[PDB]
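According to PDB author numbering, the residues represented by the sequence shown are 1 to 91, in order.
From the three backbone atoms N, C-alpha and C, an ideal C-beta is built for every residue, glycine too.
Data first, discussion second: the structure below is written as structure tokens.
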Amino acid sequence: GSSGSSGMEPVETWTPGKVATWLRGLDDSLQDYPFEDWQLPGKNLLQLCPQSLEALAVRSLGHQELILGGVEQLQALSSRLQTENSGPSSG
Numbered sequence: 001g002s003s004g005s006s007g008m009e010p011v012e013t014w015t016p017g018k019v020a021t022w023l024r025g026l027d028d029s030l031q032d033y034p035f036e037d038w039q040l041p042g043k044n045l046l047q048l049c050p051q052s053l054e055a056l057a058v059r060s061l062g063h064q065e066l067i068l069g070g071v072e073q074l075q076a077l078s079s080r081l082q083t084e085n086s087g088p089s090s091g
């Protein structure tokens, strides 16, 4: 099925077609990289590394820090503690 911007699903589940949107937004310096081609799934987006990115023509550090940095925040919101049953309440 398809959800309508309802709920904050984990990135580890996100599809390799949405990431491109989350990557292009991060910054323009990255908007250049062929995301639509990267076809990289979320499960891999949260398990990325400075040794792999290189393969995608991402050797430069500055660019790595930009992404890797934001990913660190995702791994958190994505990796929850038995949220299925009960999770944190923001209020």
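Q) So, helix, strand or coil for residue 91, using DSSP? A) Reduced to three states, the DSSP call for residue 91 is coil.
Q: Compare the C-alpha of residue 29 against each of 49, 58, 41, 83 and name the closest.
A: It is 58.
Q: Look at residue 50 and residue 73 and say whether their C-beta atoms are less than 8 Å apart.
A: Residue 50 places its beta carbon 8 Å or farther from that of residue 73.
**Q.** Span separating the alpha-carbon of residue 15 from that of residue 54
**A.** So the alpha carbons of these two residues sit roughly 21 Å apart.
Q.
Helix, strand or coil, according to DSSP, for residue 36 in the structure here?
A. Residue 36 falls in the helix class under three-state DSSP.
Q: Provide the residue span of the alpha helix (DSSP H) that contains residue 78, from first to last.
A: Residue 78 -> alpha helix (DSSP H) spans 61-78.
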